[PDB]
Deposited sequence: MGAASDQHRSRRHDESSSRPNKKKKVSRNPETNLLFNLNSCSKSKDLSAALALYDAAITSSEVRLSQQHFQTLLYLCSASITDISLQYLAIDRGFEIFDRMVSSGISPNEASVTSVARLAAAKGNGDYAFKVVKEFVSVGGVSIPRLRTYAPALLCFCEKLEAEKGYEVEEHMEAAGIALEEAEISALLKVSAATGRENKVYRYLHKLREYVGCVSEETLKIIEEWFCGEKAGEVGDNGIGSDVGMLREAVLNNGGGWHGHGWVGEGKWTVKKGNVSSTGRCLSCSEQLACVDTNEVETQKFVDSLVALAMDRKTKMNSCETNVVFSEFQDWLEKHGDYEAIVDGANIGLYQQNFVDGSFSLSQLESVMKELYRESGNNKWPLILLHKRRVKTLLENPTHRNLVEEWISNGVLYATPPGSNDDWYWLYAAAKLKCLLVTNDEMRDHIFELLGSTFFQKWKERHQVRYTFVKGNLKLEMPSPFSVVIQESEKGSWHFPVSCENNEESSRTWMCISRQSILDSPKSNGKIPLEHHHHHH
């Protein structure tokens, strides 16, 4: 078949990205048999056109050809492909005509049958509008983006931030800086420069004062309610900005302004969704239903320990197990750290618990824990238990485990939230020819933080570098 030979040649070109040769085949194809071109043909062509954009020696023709080529099999009546609509959008946005990029996507999301509207489609439309400083246009595409709707990755927000800065929109820069906090922690270098230029901007300094102006009392109460990080109400204080780029202390005190960063507080809606996720995989039982009911009755525990992890650490699979000596130690250190009120729950398998019961030495002590409620026996058939993970997350309390748990089963669930929660809650231990030295979750967040006085702090993507923002 002549056409199938053509698809081989088109794909052969796309491999080596020779769009000029692909163009000659395309021009020849319209003349040749006459051929009817399958949708794959200029799928390949449009895909190659955008691939060409980044290159210079081929870009200019791709712009000229891309629109007409696109319109050629659009004529066939196939609702354009999600990928293809991104391609023409890139071509448009690449050289001036951002508005075509916007308009084709809007017409696209209208279909909805197999629209599958991806952010990357919306992207070139917004970026081009941003570079041309069309602010209201950019806000409008964002509004549609939220509506469909994929939330914004960093690149899109930073570009949106840049425009509000250039157009001197005070309130919009405030919103988008908060938008950045919510969806990014440590920021890129490119964005960092954008943030820096705004605060040094005379517009920001002069007008920045807003009233409000008061009061720190309401602010500290409002900053607390939203976690450590931020208060919603607006701008604070009067005068011009002072910008400092500095490291931070072990205590998390910013060296420049002598204020320490608040602890990261994980998002509530995120907490429940993590809980719901693990719980769902659990029922596929009544034993776990007992556990849910059980914990609520016995609440609440300030810390929780991974029983298995402690005991096998650090002796070899001789079996060399099982060190209740090491388990008993963590209980001892934690109580004084926790103080005189609460004891840490330990989750161990019945197998481990029964063998411990069998030992005459340990039996009185372990039973004391079980009767008190300081020990719980995970039933057979399960698992690398979420029993403590659930309990730690449900109580939003501490977790004691040496598991990095960087495994496929864990990592599929493991996200951006997971690393936040781990730094937030995980405790680590080391044992050498003595007793435990306890590593703790960091007292301060590594994330964008907002203060009632001023203040804006930005980490950068450990001798980490930060940005400090101070008013007067």
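Numbering from 1, run down the deposited sequence and write out every stretch that has no C-alpha in the structure. In the chain as deposited, 1-28, 313-322, 500-505, 517-537 carry no coordinates.
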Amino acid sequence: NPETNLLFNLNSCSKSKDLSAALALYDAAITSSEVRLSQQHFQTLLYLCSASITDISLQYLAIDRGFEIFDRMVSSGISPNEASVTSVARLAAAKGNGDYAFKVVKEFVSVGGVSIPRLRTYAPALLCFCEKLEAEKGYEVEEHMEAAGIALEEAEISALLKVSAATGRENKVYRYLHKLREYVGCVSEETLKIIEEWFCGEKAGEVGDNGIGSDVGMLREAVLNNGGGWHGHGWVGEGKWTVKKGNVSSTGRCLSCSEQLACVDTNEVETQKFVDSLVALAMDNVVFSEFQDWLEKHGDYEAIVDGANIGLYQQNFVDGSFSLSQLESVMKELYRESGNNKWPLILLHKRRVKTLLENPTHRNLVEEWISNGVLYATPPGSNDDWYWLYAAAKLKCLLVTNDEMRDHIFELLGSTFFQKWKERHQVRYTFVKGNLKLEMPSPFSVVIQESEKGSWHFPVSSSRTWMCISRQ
From here on, numbers count along this sequence of modelled residues.
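Identify the stretch, either 350-358 or 69-77, whose C-alpha atoms have the larger mean B-factor according to the entry. Higher mean C-alpha B-factor in the PDB entry: 69-77.
Entry-level comparison of average CA B-factors, 106-114 and 194-202, reporting the higher stretch: Comparing averages over the C-alpha atoms only gives 106-114.
At the C-alpha atoms, which of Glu134, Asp385, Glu221, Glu153 reaches the highest B-factor in this entry? So the option with the highest C-alpha B-factor is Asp385.
Among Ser258, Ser84, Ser321, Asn402 - the residue whose C-alpha B-factor is largest in the record: When the deposited C-alpha B-factors of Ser258, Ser84, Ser321, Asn402 are compared, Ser258 is largest.
Place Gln43 in the lowest, middle or highest third of its chain's C-alpha B-factors, as listed in the PDB entry. As the PDB entry reports it, the C-alpha B-factor of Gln43 lands in the middle third of its chain.
Chain thirds of CA B-factor: placement of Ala377: Its C-alpha B-factor belongs to the middle third of this chain's values.
Sorting the chain's modelled residues by C-alpha B-factor, tell me whether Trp235 ends up in the lowest, middle or highest third. As the PDB entry reports it, the C-alpha B-factor of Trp235 lands in the middle third of its chain.
Using the B-factors in the PDB entry, rank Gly138's C-alpha atom against the chain and give the third, lowest, middle or highest. Within its chain, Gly138 is a lowest-third residue by C-alpha B-factor, going by the deposited values.
Comparing against every modelled residue in the chain, figure out the third that the C-alpha B-factor of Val286 lands in (lowest, middle or highest). Highest third - that is where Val286 ends up once the chain's C-alpha B-factors are sorted.
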